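Participant: Can you read through this structure? Questions will come right after.
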Amino acid sequence: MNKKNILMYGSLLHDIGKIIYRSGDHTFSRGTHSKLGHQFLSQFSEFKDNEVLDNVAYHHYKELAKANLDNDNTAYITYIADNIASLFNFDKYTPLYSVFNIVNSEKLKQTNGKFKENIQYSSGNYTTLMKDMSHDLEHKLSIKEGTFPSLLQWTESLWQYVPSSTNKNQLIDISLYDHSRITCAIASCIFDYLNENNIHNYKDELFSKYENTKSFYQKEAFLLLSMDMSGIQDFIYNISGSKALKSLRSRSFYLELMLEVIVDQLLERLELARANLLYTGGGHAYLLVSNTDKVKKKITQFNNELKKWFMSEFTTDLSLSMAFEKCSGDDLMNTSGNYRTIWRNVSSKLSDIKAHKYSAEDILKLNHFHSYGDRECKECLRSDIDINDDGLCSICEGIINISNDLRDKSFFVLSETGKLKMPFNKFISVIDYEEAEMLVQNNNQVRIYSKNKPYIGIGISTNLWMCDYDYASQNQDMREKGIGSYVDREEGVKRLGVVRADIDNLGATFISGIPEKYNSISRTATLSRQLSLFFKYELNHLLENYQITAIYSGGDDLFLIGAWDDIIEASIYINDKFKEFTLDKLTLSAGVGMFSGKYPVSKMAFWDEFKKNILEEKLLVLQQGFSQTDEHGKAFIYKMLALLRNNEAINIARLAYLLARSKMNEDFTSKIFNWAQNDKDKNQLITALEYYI
Amino acid sequence: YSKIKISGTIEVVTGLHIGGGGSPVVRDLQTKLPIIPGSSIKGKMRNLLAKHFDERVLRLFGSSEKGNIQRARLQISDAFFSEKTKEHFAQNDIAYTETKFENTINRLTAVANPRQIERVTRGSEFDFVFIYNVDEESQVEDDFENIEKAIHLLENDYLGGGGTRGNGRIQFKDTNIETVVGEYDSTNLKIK
Amino acid sequence: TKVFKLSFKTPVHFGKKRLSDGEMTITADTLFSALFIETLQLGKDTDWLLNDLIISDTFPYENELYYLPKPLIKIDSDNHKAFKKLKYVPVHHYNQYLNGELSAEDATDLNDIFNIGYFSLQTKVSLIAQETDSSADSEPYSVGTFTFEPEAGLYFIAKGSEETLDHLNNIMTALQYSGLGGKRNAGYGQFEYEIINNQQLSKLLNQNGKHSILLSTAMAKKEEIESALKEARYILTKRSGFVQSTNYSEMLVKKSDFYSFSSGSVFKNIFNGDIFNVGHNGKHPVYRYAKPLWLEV
Ligand SMILES: Nc1ncnc2c1ncn2[C@@H]1O[C@H](COP(=O)(O)OP(=O)(O)OP(=O)(O)O)[C@@H](O)[C@H]1O
Ligand SMILES: Nc1ncnc2c1ncn2[C@@H]1O[C@H](COP(=O)(O)OP(=O)(O)OP(=O)(O)O)[C@@H](O)[C@H]1O
């Protein structure tokens, strides 16, 4: 095995024993963490690699003090990676705490929430988890150079909520998955930095003296790389056709898959692991790669080829930016909040390199093409593009095809023939688990991208996180339907509802984080991943009771389209559910409008009071009154509106007479009149009754 | 070269219903006073004139789609309430826009389902301006004769919706013809 | 160097990609195009008003206050949020902004007070199809229009010799009765203009500094672009569209795509633009205006 693969395998599994120690039930768990993991990884033939066993068994200080390991070995790198990732009585039943409550505990510290109110863990659960991981290591897992991604996938599948540390005196909020993953990434960066820099006596380099330990911690060893997608909000919103909804699901997925394939391809260039991707979502991406001249030259070269390709295909609609700024180990360990300083520096460099995107020769090259081309794509507003059959260009027709395939098939493959044009001379098509399996046994250089499917274990397992929900597929016809399937609802006016939401307090959350005590790279990674999981899984389950279709979900943007009533109800419900998930630490800013059917969805797109007072009190009163008393349709309510909108006392006296003439229960009339007499209550009343129609 | 301005006012003999919202009527989203889009005027004149006869109708409005290209020669502009009507209605305390109630009879069933429609008040006055661009000297008399014929047909027809049902009849008054660019005499031209 | 005030009183459609898009200001390309077509229609000569005149983009104004585009200067903080939401900076506070004297709360107040118009969609149909005779769908379509408050509008920046300015004033007198936007013949886009001098705008336009703020849409000529981009903060904007009376088929004639810097870019090496030709397979040349109008601070 290549020493790098040995290093990742050791690093990811150094603290594997902690779960079993916390298990307690089994006869293995009687001894300390390191040796425990040692005999446990020796139980399986595939993981019988001796060096990985050593890395696991010698991942802390006391063991290494007597470890008599060779002057060069990956174990020391693993030690340092765990240290940088990070009186000592560990409680085996410690539950994982949500970081979100800690994020805004400075303004209002509320009872800290714990995962599974005062929830406590049971050692039986740990026994069950150990049996599950024994099963995986026994049948599902096997060590090959290409299986490391599968190992990562199973680790994420199992450990994503078992706490990493269980110190009673420490504010535990790191899952073992996070700590292990960041350890793997950091260790890989260390290995590249030391090897390229022509140092081999790593024991002497770092283990020798504590002064050198702080010294290497201080040396600029890491590089923090950030990527930004230029024009998503424009290119996604040039849709006006009748099949608009099908494309939007296909277009957001197209940009998402672009970002995913480009980041994966980058990580392939770096000969590096997938654990190195700290955050993806929206048009952003964050990586922690090795700080080597080799790394920098590769990044620059790939940037050049990348910019070439996008200029070749869209030339203004989509562009990508690269930026990186040096960082050291001392920075990541949250010494003096300099983590936030470097985070802002990399953000600033990314945001000012976008100013200069085109060199001279490129800008000249653009302006002189008297090239014979056809005219704008109907579905996709682009002059430069050339249409074909039925007035559609190639890109949007492939978008239509993959949209057709989206609802039925769950797996997407990265293949060299495929359907949709993709950065690195590649194409994406759709597959099922069985032909994906055959592709795996076809030893083809493929990357299966899945639709929120765990326990796949198929080749390069990539449980891509995405919310693809559509109520139109819940009808008698499984085939995807047009926008009219939601317009034609008879329970109210035949219109459409649209909601957009952004976390208002997000810039500080990723930047400021938890101040002065928890701004570690580990905890930022945990925060980012938890936000990603919420905005990429929970929405899909929440939407199941609404006639709404998920369009753009991920990052901090939420885009749902459907019936007017269902959109409002789902917006309120998701607002409440999010307030639960962030424990009322993060809020939502949203706006909902009403538009007629088949309007260009491009232009379709360009809290407590509303629930308690309007929807719950006045709306229910009005609904009960209008249901009990007949003959009072939109005409009577519209006369109500004419009297209420024109805020004059003459209208109020007229409304008094109108309620005298109306045949409701006197309570309804009195309440309505007295609501109309207050400005706030009259506005709430008009809003509710407008909702009625 | 010269430009000719046609300016005046139009009255609704019976109520008008353009109704872009539909049952609302077109308004300005802030002033809320109703208008008359120039597209309605242009389209009704073009339909009536074409149906009164394809070179002259091509010449006035311009098609420029049939392999031969003609620039439009007569430009219509939108309309707004006259100040006179606003003053008059404010003094007399008259609502700007009425709301007529209607029904429909189901055969074999004879149960009526109601209907609500919004209608511009009778007797209002709108202000309109036409711009004519004389590009051929020897054609102005014929073109203005044709536009007079179009006005004549429009006076005897309807604008907007439900015209056969009894709304949209209009009338033209206070029309003057003034040259504003160039040196073409516009005193021998008439539009009634 | 005069400015030209514009008040509209009728909705205007200005357009980016389709008719149902609405836009507030217009670029120097369409402005010069309108001036040139009006000149040709009037039959006077184009040589005078081709290679002497410099036109700046249109910018909005309110009751008594004028506006300019946001400079793309690197303000070193970190909010980067309230300022990203700002699009136009009032003239009274321009030099304050370029010296980093604008506070976040003042920026929020400016964003609050910046109401100078609203957007609308009017739906329209077309019964020219078989509908008139046989069962055929009426075809609905929408146009994007934008309206001003009674005390708002757009204004120009123009400069050149006095004779060219007189010719420009004559042409604008002619032009106030054609349109300045999209569906000119469908009832949109007539204006009244007025010539005004502003003491504050004058002082701003004749300042002296080291940087430069581009107020038009320009592209450097081939041999000067290399030195132009030594230290530049800019964004490119694609400009395409069809052409008026170049060959038989309008739907076969389409101008070549062109790219030019936006109206807020900052440069260190001043360059002179040119009226680039964007024609091919045509009977008469078609022009696009790319010539800068700098303000030095
Ligand atoms: N695949 C996608 N489909 C639709 N919307 C998306 C997609 N990815 C991201 N978005 C959302 O669209 C928003 C607008 O993107 P925009 O074009 O402004 O670029 P950005 O990634 O925010 O960066 P910048 O504006 O600095 O270039 C993003 O912030 C994100 O929330
Ligand atoms: N799950 C996540 N993990 C890490 N970073 C994220 C995540 N989701 C979004 N972000 C980042 O946080 C940033 C927030 O900036 P953005 O302008 O989009 O929202 P905002 O500043 O909160 O807007 P507003 O304050 O107006 O609501 C984005 O640039 C985005 O890259």
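Residue numbering restarts at 1 in every chain; chains get A, B, ... in the order shown in the structure tokens, and ligands count up from 1 in that same order.
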Using only C-alpha atoms and all ligand atoms, find each residue with an atom at most 8 Å away from ligand 2 and format the answer as an MDAnalysis selection string.

Facilitator: (chainID A and resid 279:285 502:510 525 527:533 535 554:557 588:589) or (chainID C and resid 81)

Participant: Run DSSP on the backbone and give me the residues of stretch 570-671 of chain A it puts in strand (DSSP E), as a PyMOL selection string.

Facilitator: chain A and resi 588-596

Participant: Please check which protein, DNA or RNA residues sit within 8 Å of ligand 1, counting only C-alpha atoms and all ligand atoms, and write them as a PyMOL selection string.

Facilitator: chain A and resi 228-236+248+251-256+281-284+351+354+502+551-558

Participant: Using only C-alpha atoms, what table do you get, as CSV, when you list each residue of chain B with an atom no more than 7 Å from chain C, its nearest pair of atoms, and their distance in Å rounded to one decimal, rows by chain then rising number?

Facilitator:
```
residue,atom,partner,partner_atom,distance
B:1,CA,C:42,CA,5.9
B:20,CA,C:123,CA,6.0
B:37,CA,C:187,CA,7.0
B:38,CA,C:187,CA,4.7
B:39,CA,C:186,CA,5.3
B:67,CA,C:248,CA,5.6
B:68,CA,C:248,CA,6.2
B:75,CA,C:185,CA,4.9
B:76,CA,C:187,CA,5.2
B:77,CA,C:187,CA,3.9
B:78,CA,C:187,CA,5.2
B:181,CA,C:174,CA,6.4
```

Participant: May I have the selected residues written with C-alpha atoms, as an mmCIF file, in the first residue's frame?

Facilitator:
```cif
data_model
loop_
_atom_site.group_PDB
_atom_site.id
_atom_site.type_symbol
_atom_site.label_atom_id
_atom_site.label_comp_id
_atom_site.auth_asym_id
_atom_site.auth_seq_id
_atom_site.Cartn_x
_atom_site.Cartn_y
_atom_site.Cartn_z
ATOM 1 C CA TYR B 1 -38.485 66.168 -42.700
ATOM 2 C CA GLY B 20 -55.646 43.790 -17.969
ATOM 3 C CA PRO B 37 -53.115 51.365 -22.965
ATOM 4 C CA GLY B 38 -52.084 52.476 -26.423
ATOM 5 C CA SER B 39 -51.905 48.866 -27.557
ATOM 6 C CA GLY B 67 -39.591 39.536 -45.914
ATOM 7 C CA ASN B 68 -40.244 43.216 -46.628
ATOM 8 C CA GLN B 75 -47.177 56.222 -32.991
ATOM 9 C CA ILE B 76 -49.914 55.853 -30.383
ATOM 10 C CA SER B 77 -49.333 56.874 -26.775
ATOM 11 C CA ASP B 78 -51.120 55.932 -23.583
ATOM 12 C CA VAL B 181 -40.790 69.434 -35.836
#
```

Participant: I need the residues in stretch 134-382 of chain A that are alpha helix (DSSP H) according to DSSP; give them as a count of residues only.

Facilitator: 124

Participant: Got a sec to pull out which chain A residues are within 6 Å of chain C, counting only C-alpha atoms, and send them as a PDB file with N, CA, C and O atoms, in the first residue's frame?

Facilitator:
```pdb
ATOM      1  N   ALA A 355     -13.008  40.873  -9.270  1.00  0.00           N
ATOM      2  CA  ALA A 355     -12.930  42.110 -10.037  1.00  0.00           C
ATOM      3  C   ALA A 355     -12.158  41.897 -11.329  1.00  0.00           C
ATOM      4  O   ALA A 355     -12.596  42.309 -12.407  1.00  0.00           O
ATOM      5  N   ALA A 360      -5.812  40.297 -20.794  1.00  0.00           N
ATOM      6  CA  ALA A 360      -5.936  41.055 -22.032  1.00  0.00           C
ATOM      7  C   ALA A 360      -6.290  40.143 -23.198  1.00  0.00           C
ATOM      8  O   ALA A 360      -7.345  40.294 -23.826  1.00  0.00           O
ATOM      9  N   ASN A 367     -13.890  39.421 -28.428  1.00  0.00           N
ATOM     10  CA  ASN A 367     -14.546  40.454 -29.212  1.00  0.00           C
ATOM     11  C   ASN A 367     -14.423  40.257 -30.711  1.00  0.00           C
ATOM     12  O   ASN A 367     -15.088  40.983 -31.456  1.00  0.00           O
TER      13      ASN A 367
END
```
